[PDB]
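**Q** so I've got this experimental structure, pasted below with the sequence.
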Amino acid sequence: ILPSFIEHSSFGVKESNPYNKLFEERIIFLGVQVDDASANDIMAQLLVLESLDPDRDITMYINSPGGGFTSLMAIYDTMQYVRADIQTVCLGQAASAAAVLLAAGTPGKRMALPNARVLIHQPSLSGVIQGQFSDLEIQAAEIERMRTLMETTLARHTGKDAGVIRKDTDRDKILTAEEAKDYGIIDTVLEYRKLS
Amino acid sequence: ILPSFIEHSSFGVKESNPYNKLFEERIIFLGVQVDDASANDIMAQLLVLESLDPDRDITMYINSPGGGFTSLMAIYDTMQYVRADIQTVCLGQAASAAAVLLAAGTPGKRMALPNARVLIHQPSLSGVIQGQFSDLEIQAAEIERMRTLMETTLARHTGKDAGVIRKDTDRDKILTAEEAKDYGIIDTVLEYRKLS
Amino acid sequence: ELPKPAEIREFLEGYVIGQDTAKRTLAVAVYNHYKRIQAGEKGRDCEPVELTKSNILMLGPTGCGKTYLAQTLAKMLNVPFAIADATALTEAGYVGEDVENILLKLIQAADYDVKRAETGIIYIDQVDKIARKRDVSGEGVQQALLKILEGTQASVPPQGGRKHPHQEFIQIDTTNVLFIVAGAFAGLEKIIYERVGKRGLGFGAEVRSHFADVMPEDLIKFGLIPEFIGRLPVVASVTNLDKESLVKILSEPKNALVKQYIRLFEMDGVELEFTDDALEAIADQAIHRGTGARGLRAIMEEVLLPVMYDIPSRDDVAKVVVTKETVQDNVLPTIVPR
Amino acid sequence: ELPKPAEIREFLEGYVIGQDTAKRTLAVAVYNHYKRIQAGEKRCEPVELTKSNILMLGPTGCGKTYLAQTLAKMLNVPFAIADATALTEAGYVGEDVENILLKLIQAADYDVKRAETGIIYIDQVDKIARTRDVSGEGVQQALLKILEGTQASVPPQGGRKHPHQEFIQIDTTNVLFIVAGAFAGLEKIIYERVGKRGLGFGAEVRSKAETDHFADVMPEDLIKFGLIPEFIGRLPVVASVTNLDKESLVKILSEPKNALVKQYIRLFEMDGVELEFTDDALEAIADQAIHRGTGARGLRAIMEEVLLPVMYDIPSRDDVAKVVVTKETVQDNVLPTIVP
Ligand SMILES: Nc1ncnc2c1ncn2[C@@H]1O[C@H](COP(=O)(O)OP(=O)(O)OP(=O)(O)O)[C@@H](O)[C@H]1O
Ligand SMILES: Nc1ncnc2c1ncn2[C@@H]1O[C@H](COP(=O)(O)OP(=O)(O)OP(=O)(O)O)[C@@H](O)[C@H]1O
Ligand SMILES: CC(C)C[C@H](NC(=O)[C@H](Cc1ccccc1)NC(=O)c1cnccn1)B(O)O
Ligand SMILES: CC(C)C[C@H](NC(=O)[C@H](Cc1ccccc1)NC(=O)c1cnccn1)B(O)O
């Protein structure tokens, strides 16, 4: 359930759900799994917010469990393409593709929350892909293309060697926010700002 | 069933729930299980209500069986982040993760209705995580990090030692409203205010 | 003579309370208007400069003294003054008032002498209500005033020289005719707050809990064409009146509000008095009334409504409105004659 | 012979700073107007010349009227400043489009053969555009016969047409029609064709502080604006007034003949107080005038804003000099050079 409020803006009596209000303040929200249908949404929002103002920062909230690699690199390329700097904030988990999108933000502008979880791991095939050994040789050279491209991506954004990413993403490397700050996924753990 | 009209006014298809009425009075409602989609909703509402007025207290109603840990710490961090104090009110139950959000209110502002229960227990894995023993050693260091993080969260909000949270959340520790006041989850068992 | 801006403001202080930045603006700009007259009518170098007017756009909430600061300014001008509304104006064409009838109001205020009316001041009231988002009374009035606000050889369409059936038009040069325009611009303080306020949201961005920082892009987002704001370089910035100004608006000005109620009770032979706590209690209920100093009257008409009914049916000499009569409706002290 | 376009230019440069393209045009076009009137006395000439009317485009306050008001001051040809918003289609209230010919005949001192060789400046023809629309598109309908040249019966009543009177017959086949307008929604229409998209991959998205110079404008863009296709073809010359940059607006403050800084130094001299500016201050005033975004009119919006605490205090005092600095532009105060 999502309650909807009313904004008395230049017009007033404008009904708005909190997600439209995030997007009005240039906050793209990645809270669902990174699949094609989610990546299609985020890339459309990244191009709209680049068009509305290419100078103001787009903020990307990441509560995603991560997902498809081509959906990852669809969002990744659009985050890197737009003229606006991307401010990635991790809210809860950034796992799999999401931690790559979390590291994909503009340097200086990658945040998490103090109890956020950053889970980096190598690509995996969801379920068994079957076929002839010539088919499987293609699919395995492809997931090594995906594994190398993910580590090359995390090498550009964490400042680590891609072989260091390869040793770290052998298993599920779960980082906390302070551990992902030292790793280079983020560089701000984002202290709480409550007045009390 | 939920009574709700649609005013149109040739500007919108404007919906009016009782939840929209509660959200106008800065009442965020956690009435479902804390999953990603619930946590995504609650965090978007906490940030909207911080932006609308960061001085007035957000109220969070909690009638929830509790769910995922990263969805928990998504809501938890966004609660602790916003400049507004958070009045957590327990309705009926706050179990598992939702008792942590109930304790996560501002001190003095954590309420429970008199027949609400507060169910605290250690994190679990719903279902079996398969894998090699190196994968499972990662997943078990994770569930111990989740357990330690939940206990140190309940330590800093109940004023208990985190080892006392260990011995209490070893099994299901169901508290009443008055037992959660003595434990430190809530600060006020909320008195009835009926005219008669 | 050329009364200085301190002397113009001192006249404005006698009627208008508060409004320092608007009185200083409308005293400086009237003084610059008095100086660009007898510099275009006398001439001297070096490099002899043809001066050009700086028209005024007044902006502030209702009741806060935009029209009243112009009506006060009307009572001191050595130049012709024409007050006019833009809500009656239309673009040249459609049925409403033409934008050269505001020049006819200035020709009529100059006793049909065009050389004095070329030195005049026109006050176009309610230019926030010719605002756009075609519209012929709220988009095309910008398009029609803009030739007048910059200076043109306009000709007034009725009544050229007391209606001779040949040459019903007389020329007027609006180059040296100062224009003061005004309006509430009620939705504009929500527009200005988007820029100078920065209502931010979310993790990171700063979260926060009006007419003095007015850029032309705010007036375009209010809906006014970009040509129309450039003719109005001066923003007067009328401010919202607090409690401490509304107490003084009751009693300090020449035609003050409680001065014209004690005048009403003197027609009944009754000396109306106010405790100073009652004047504060009236102004406490006028800032909540939300209509400026026009809401000071709305309080005193209902504080004095049971008083104004029975007091002319009685023999009294003194009536004292205490603070207990204002915060809730209270009985009458009524000092009997003696 | 009959002042050259470089000579018309250097008169315009004495008043107008910048707009070099829209000063070559209106020097060329006025010289071509002069050569057409010079050819209005004949010997042997088997070819007759046409108007070449001017549609002058540019953003607000950047000098279109001020180009025409300057061009009024040299012209040797009668000159009417008209306004298209004042006009209305015939049969309807308000003025009709034969008033702008009367304003030329009045400018020619009721010498019609001089007014048949005139120049009319119709100001703000972007405001005649897109149920009859008597004040918009209907003006363009009534005005195209005036632009291309017709035997127009002009009422000497003052401008309000009414069917019975003697008229003034004027021929506008040699009257030049400089027309102008802000065209505030046209740079988006031009950008739809000459530019890339405003959105998406492989597009050119632009900052909010950066107008097209109105130099890529074509009638494809002007029909989509709201001008009828008949009105545009009768305006063959495109004059592009450009948005004034910082380097032009620092010159518009101090360099021209009735320059803005010269206006205020004149105002303070009438208080007996010498006004002067540091050059860093004039650059700071022209900085904030691009932020106003109303052209050279935004310069006056700052000079009144900077000198408002000054012009209240100076006439009540005794000073000799004033020195306005960058700090007196970014922070409102007053600090004269108090007289010995
Ligand atoms: N600053 C002031 N000092 C003294 N009296 C004031 C002041 N402002 C308003 N008033 C009183 O309020 C009445 C209305 O003033 P005015 O016409 O200026 O309001 P306004 O702001 O122009 O209204 P609106 O904006 O709704 O057109 C006047 O009769 C005047 O006596
Ligand atoms: N290039 C320039 N050089 C010097 N002064 C200029 C220049 N451009 C504009 N100005 C100044 O700006 C003022 C307004 O100019 P103008 O009357 O041409 O307005 P405009 O921009 O044509 O308005 P609109 O576009 O709405 O017709 C003039 O008084 C003039 O002194
Ligand atoms: C680690 C990053 C690169 C992404 C992680 N896993 C992958 O690489 C994902 C896992 C996945 C998700 C949904 C459907 C199918 C497969 N890999 C792919 O998307 C994928 C798709 N086609 C061929 C090969 N791999 B994440 O989803 O756990
Ligand atoms: C006690 C608090 C921390 C939360 C309780 N349970 C958990 O810790 C939850 C139980 C759960 C819920 C939904 C899906 C999967 C697992 N733990 C997790 O969210 C979780 C998720 N991934 C790995 C390990 N644990 B509650 O939901 O009973």
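**A** Looks like it arrived, so ask away. Numbering: from 1, shown residues only, chains lettered A, B, ... in the order given. Ligands and ions are numbered 1, 2, ... in the order given.
**Q** need the contact list for the residue of the stretch 201-338 of chain C found nearest ligand 1.
**A** Proximity of the stretch 201-338 of chain C to ligand 1 (C-beta to the nearest ligand atom) peaks at residue C:293, 3.6 Å away. Using the backbone N, CA and C atoms, a C-beta is placed for each residue, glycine as well. Taking C-beta atoms under 8 Å, 6 or more residues apart in numbering or on different chains, we find residue C:293 in contact with C:63, C:64, C:65, C:241, C:246, C:249, C:257, C:286.
**Q** could you check how far residue C:299 is from residue C:263?
**A** According to C-beta to C-beta, to the nearest Å, residue C:299 and residue C:263 sit 18 Å apart.
**Q** more neighbours, those two?
**A** residue C:299 (21 against 11; other C-beta atoms under 10 Å in any protein chain shown).
**Q** packing partners of the helix or strand where the more buried one lies?
**A** Following DSSP states H and E, one finds residue C:299 within helix C:294-303. In terms of contacts (3 or more C-beta pairs under 8 Å, 6 or more residues apart in numbering or on different chains; DSSP states H and E), helix C:294-303 is packed against helix C:243-251, helix C:276-287, helix C:324-327.
**Q** what's in contact with it?
**A** C:62-63, C:246, C:249-250, C:257-258, C:261, C:282-283, C:285-287, C:289, C:291, C:321, C:325-326, C:329.
**Q** circling back to that earlier point, so which of the helices and strands packed on helix C:294-303 is nearest residue C:174?
**A** helix C:243-251 (34.3 Å; C-beta to C-beta).
**Q** list the contacts of whichever residue of the stretch 151-300 of chain C sits closest to ligand 2.
**A** Closest to ligand 2 within the stretch 151-300 of chain C is residue C:227: 3.5 Å, counting by C-beta to the nearest ligand atom. Residue C:227 sits next to C:142, C:143, C:146, D:60, D:61, D:124, D:182, D:184 when contact means C-beta under 8 Å, 6+ apart.
**Q** mind redoing it with 10 Å?
**A** For residue C:227, the contacting residues are C:142-143, C:145-147, C:149-150, D:59-61, D:124, D:126-127, D:181-182, D:184, D:294-295, D:297, by C-beta atoms under 10 Å, 6 or more residues apart in numbering or on different chains.
**Q** which strand or helix spans it?
**A** Counting by DSSP H and E, residue C:227 is part of helix C:226-230.
**Q** any idea how far that helix is from the middle of the chain?
**A** 21 Å (C-alpha atoms, centre = their mean, to the nearest Å).
**Q** what lines up beside the helix or strand just after it in the sheet?
**A** With elements assigned by DSSP H and E, the helix or strand that comes after helix C:226-230 is strand C:234-235. Applying DSSP bridges, strand C:234-235 is found paired with strand C:56-59 (parallel).
**Q** check which element follows the partner strand along the chain.
**A** helix C:67-74.
**Q** contacts for whichever helix or strand comes after that next one, please.
**A** Downstream of helix C:67-74, the first helix or strand assigned by DSSP H and E is strand C:81-85. The contact list for strand C:81-85, computed with C-beta under 10 Å, 6+ apart, reads C:67, C:70-71, C:73-75, C:97, C:99, C:101-110, C:117, C:120-127, C:129-130, C:177-181.
**Q** for residue A:184, give its distance to residue A:90.
**A** Per C-beta to C-beta, residue A:184 is found 13 Å from residue A:90.
**Q** need the overlap of contacts for the two.
**A** A:103, A:110.
**Q** please say which of these two ends up with more neighbours.
**A** Neighbours per residue (other C-beta under 10 Å) separate residue A:184 from residue A:90, with residue A:90 holding more: 35 against 18.
**Q** run a quick neighbour tally on the spatially closest residue to the more buried one that is not a sequence neighbour.
**A** Once flanking residues are discounted, residue A:90 sits nearest to residue A:112: 3.7 Å by C-beta to C-beta, 6 or more residues apart in numbering or on different chains. When counting by other C-beta under 10 Å, one arrives at 33 neighbours for residue A:112.
**Q** stretch A:32-42 near chain B at all?
**A** Yes - counting by C-beta under 10 Å from any C-beta of the partner chain, chain B has neighbours in stretch A:32-42: A:32, A:33.
**Q** secondary structure element for residue C:49, which one?
**A** Judged by DSSP H and E, residue C:49 forms part of no helix or strand.
**Q** residue A:30 against residue A:78, yeah?
**A** No - with contact defined as C-beta atoms under 10 Å, residue A:30 does not count as touching residue A:78 (11.8 Å).
**Q** what do these two both touch?
**A** Joint contacts of residue A:30 and residue A:78 (C-beta under 10 Å, 6+ apart) are A:39, A:42, A:45.
**Q** with adjacent residues omitted, what lies nearest to residue A:29?
**A** Nearest to residue A:29 is residue A:61, by C-beta to C-beta, 6+ apart, at 4.9 Å.
**Q** after the helix or strand hosting the one you found, next one along is what?
**A** For residue A:61, the host element (DSSP H and E) is strand A:58-62. Later in the chain than strand A:58-62, the nearest helix or strand by DSSP H and E is helix A:69-81.
**Q** which helix in chain A runs the most residues?
**A** Criterion DSSP state H: the longest helix present in chain A is helix A:133-158.
**Q** quickly list what whichever residue of chain A sits closest to ligand 4 is bridged to.
**A** Per C-beta to the nearest ligand atom, residue A:93 is where chain A lies closest to ligand 4, at 8.4 Å. Note on residue A:93: beta-bridge partners by DSSP bridges are residue A:117.
**Q** so it makes contact with residue B:73?
**A** Yes - using C-beta under 10 Å, residue A:93 makes contact with residue B:73 at a distance of 8.5 Å.
**Q** joint contacts of those two?
**A** Joint contacts of residue A:93 and residue B:73 (C-beta under 10 Å, 6+ apart) are A:116, A:117, B:39.
**Q** how many residues are close by the residue nearest to residue A:73 when sequence neighbours are not counted?
**A** Distances taken as C-beta to C-beta, 6+ apart place residue A:149 nearest to residue A:73, at 7.2 Å, with adjacent residues excluded. By the criterion of other C-beta under 10 Å, residue A:149 has 17 neighbours.
**Q** what about residue C:334, neighbour count?
**A** Quick note: residue C:334 (other C-beta under 10 Å) scores 16 neighbours.
**Q** can you tell me, leaving aside adjacent residues, what's nearest to it?
**A** residue C:316 (5.3 Å).
**Q** OK, contacts around that neighbour?
**A** Residue C:316 touches C:265, C:268, C:269, C:270, C:271, C:310, C:332, C:333, C:334, C:335, C:336, C:337, counting by C-beta under 10 Å, 6+ apart.
**Q** just send those back as CSV, with secondary structure and distance to ligand 2 too.
**A** Output for the contacts of residue C:316, formatted as CSV (DSSP: H, G, I helix; E, B strand; the rest coil; distance: C-beta to the nearest ligand atom, whole Å):
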residue, secondary structure, distance to ligand 2
C:265, helix, 55
C:268, coil, 58
C:269, coil, 61
C:270, coil, 59
C:271, strand, 58
C:310, helix, 61
C:332, coil, 62
C:333, coil, 63
C:334, coil, 64
C:335, strand, 65
C:336, coil, 69
C:337, coil, 69
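**Q** those also near ligand 4: which ones?
**A** Of the residues in the contacts of residue C:316, proximity to ligand 4 by C-beta under 6 Å from any ligand atom holds for none.
**Q** adding distance to residue B:16, write those out as JSON lines.
**A** Output for the contacts of residue C:316, formatted as JSON lines (distance: C-beta to C-beta, whole Å):
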{"residue": "C:265", "distance to residue B:16": "50"}
{"residue": "C:268", "distance to residue B:16": "53"}
{"residue": "C:269", "distance to residue B:16": "58"}
{"residue": "C:270", "distance to residue B:16": "53"}
{"residue": "C:271", "distance to residue B:16": "55"}
{"residue": "C:310", "distance to residue B:16": "48"}
{"residue": "C:332", "distance to residue B:16": "47"}
{"residue": "C:333", "distance to residue B:16": "50"}
{"residue": "C:334", "distance to residue B:16": "52"}
{"residue": "C:335", "distance to residue B:16": "56"}
{"residue": "C:336", "distance to residue B:16": "59"}
{"residue": "C:337", "distance to residue B:16": "61"}
